[PDB]
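In the block that follows, a single chain appears as structure tokens, in the form deposited in one PDB entry.
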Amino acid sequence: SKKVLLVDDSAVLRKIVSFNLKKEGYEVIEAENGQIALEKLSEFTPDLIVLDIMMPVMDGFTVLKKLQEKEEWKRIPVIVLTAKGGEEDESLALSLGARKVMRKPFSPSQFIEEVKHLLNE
């Protein structure tokens, strides 16, 4: 019953995040880039967004920024899950609106722990 908007240009990453999310019960929806990601929000509104940074066409910091502009998108929490490991990259994403930032390589159980923590409150 909990929709989660998975957003990463790597098809591999998608498979395995989508697998761990479907273990808990969640209902994944997948997007190759930021543009597409934003493009599928017309369709539905998710309880969670799992956002990459480095994608083609549209970037992940750009998705986060737009997430704060439109008022229906501000309240939905973003986890950022990125290979960008700089402390400087984390602060930009947090300041751009992301609720947590997880690095890659990641632990699927922690990511899940954290995905729960946002949804449960």
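Numbers follow the displayed sequence, beginning with 1. Each form is matched to the other, and the largest set of C-alpha atoms that superpose within 1.5 Å is called the rigid core. Only residues modelled in both forms are compared.
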Between 27-35 and 67-75, point out the one with the higher average CA B-factor as the PDB entry records it.
67-75
Output the stretch having the higher mean C-alpha B factor in the entry; the candidates are 45-53 and 80-88.
45-53
Residue 8 - Cα temperature factor, lowest/middle/highest third of chain:
lowest
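What comes next is about the form deposited in another entry, which is not displayed.
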Rigid-core-referenced C-alpha movement of 2 Å or more between this form and the one not shown, selected from 58, 79, 29, 92
58
A 3 angstroms or greater change in CA distance between residue 51 and residue 57 is reported in the other form. Closer or farther than in this form?
closer
Tell me whether residue 37 and residue 84 end up closer or farther apart in the other form, going by their C-alpha atoms; the shift is 3 Å or more.
farther
Just list the residue ranges, at least 3 long, where Cα displacement is 2 Å or more throughout between this form and the one not shown after aligning on the core.
54-58, 82-89
